[PDB]
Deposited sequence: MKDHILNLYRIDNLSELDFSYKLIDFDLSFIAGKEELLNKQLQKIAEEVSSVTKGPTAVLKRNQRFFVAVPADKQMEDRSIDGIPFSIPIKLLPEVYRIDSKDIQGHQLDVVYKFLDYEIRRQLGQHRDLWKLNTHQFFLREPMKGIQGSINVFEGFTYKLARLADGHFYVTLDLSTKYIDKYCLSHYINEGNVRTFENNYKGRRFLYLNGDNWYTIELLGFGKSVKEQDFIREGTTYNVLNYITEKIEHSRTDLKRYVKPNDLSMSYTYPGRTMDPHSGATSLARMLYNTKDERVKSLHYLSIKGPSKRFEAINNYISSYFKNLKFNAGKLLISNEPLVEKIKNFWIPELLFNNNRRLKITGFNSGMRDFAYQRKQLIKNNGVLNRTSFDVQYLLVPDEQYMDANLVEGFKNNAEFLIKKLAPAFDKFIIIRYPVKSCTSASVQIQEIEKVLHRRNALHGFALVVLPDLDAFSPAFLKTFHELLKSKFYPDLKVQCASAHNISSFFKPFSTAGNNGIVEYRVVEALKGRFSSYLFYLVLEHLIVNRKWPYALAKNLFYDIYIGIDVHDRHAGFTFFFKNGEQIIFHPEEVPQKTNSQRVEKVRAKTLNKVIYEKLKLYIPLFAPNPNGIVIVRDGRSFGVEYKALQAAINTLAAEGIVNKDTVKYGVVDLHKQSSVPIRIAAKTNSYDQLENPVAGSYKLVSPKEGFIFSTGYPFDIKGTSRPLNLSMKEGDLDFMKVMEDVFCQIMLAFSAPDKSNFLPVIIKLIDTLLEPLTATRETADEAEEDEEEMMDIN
């Protein structure tokens, strides 16, 4: 079947004119381009020619000889009267920054010059009319994000996707007045605000407050802007609101000033609105694609180039998207789970995964260590419920992992609500009294009755970060444990809540086993490349995961990093771990792939090359027949691709099957994996992959990454987005 894509083709490039006018080095070139683009009000399309770098500028606008104050010296910049011609059928890679930047600039200018629209950043434009009928104090604004695309067919495309923003109804006017300037000032600095300023709406970052408008000198200025305004801001502006200082969210400039009346406040999607909002922006395939088509037809029409016409078409791209196949999984006592086609076996994939794990236990059958059951004392939470819960948990674990020994109990008191004194009292007194400093354990959070919020999580966070290297724990809430047993004395699980308690216990036991590095299952067939090294660094902490063929060998390693010392530490860790582990699990490695999260600066490739050279010096690995490279994985996709399948059902659009991939360049691809066999509400989101260096094959890397996606260890019954290496790094490395 065919799939409708999120791309609209620009069918006018054959008659477009184009023109020309001419790390530290990269930063200096970027700074030069930013400065010329700011003073010429146009796009910069920096070009490399004859081992030299020039700033591209279209021939209409002039450029006066001057100097730019760079960090080593003020480089002179000079107009070159020579003008170059680009035809419609020769857009070679040195000219790829051209065409792209010109079209981008033109589209952004013409879209920002619209009436019922405004821009949030370089590529996000939202409506000025919020959603109707919201009973809260939060307005929801609906808009789009667009991007230019250079699909390998030879045509440029516009990619448009939906987006929502949450902004309070009124800010800095009914929240802070002149009587409490110093009271709540610290609750607003560093945030992001929306400024209306008549009919030129833009986002800002506030650097602090100031005096009032009648004293700070800026009346008769804003009155000029609100005079020629389609919105009556005369009533909004009063000579009592104080003057606030703002800068642009991009970078730093002089601290401009403005009134506090017109400024609304934005929310990142973590502060409030969780489970009370965020459900309005979840749209299925048909609704979302209809909204996208309406946006394209409403605003991306009759666009004008510099002299010509921009003919952006309708009826978005229709192609035939190929997919990878679901890999075959391996469980305890063989017991393979493989998919033969589009049959009933594919329908129950997740359920059969969970059932096989439940029946056969975990695949990793090594020994265990000393375990604890940190639990409140006898006066709080009592003892009979604790004993019943311990009995049930021990029975389930011994059914799952037959090497389990015992579940030694440790009691602590709670006293009062401090969250810092109870930190020492709870685990630095009783645990220090015993020899229970090395182990795994699992803690039961005290939340029986009338627990106050906004601190327990803090306590929980502290509970997850004190003895990280030696006491990796898994938390649990006593409110949910006490919600199944009822007094009869003795305690018994209520008859009505038997399946729910079973599911709770199964998930809790599986998570505790995951903390113990006991992987429930692994792939049956070997990957194309033997070694996969997933790297993820954040919050000053780095995490490495080594994945050998089949996954039967997954080794996690955390590290502390502070930048040359960082590169040296990375190289040392990679070399030491590879030299230790290659002769054991992967003799004569075929290839090494580094899946890096974030952005790659070339340090990973250098470390891998040095390690390979040292390994070849040791004679462990060859040099003529070996591949090694770095592949970057983007959590947030570069271009917002969406895919839906065309079906004859009453809902004409459907989510694509799991594993559907589309590549745009020779070294850039997108994978969809949360599709048919799993159940989701909304549209599947893409996963973006792109090589950086090396001599690997991109098809093999993409297929192996998709194979790693199918290894779901946390909740086997649900879908998975990240591959197992990055998911494991995120699950561990809690501090």
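According to the record, no C-alpha positions are given for deposited positions 1, 24-35, 231-239, 511-518, 593-600, 774-795, numbered from 1.
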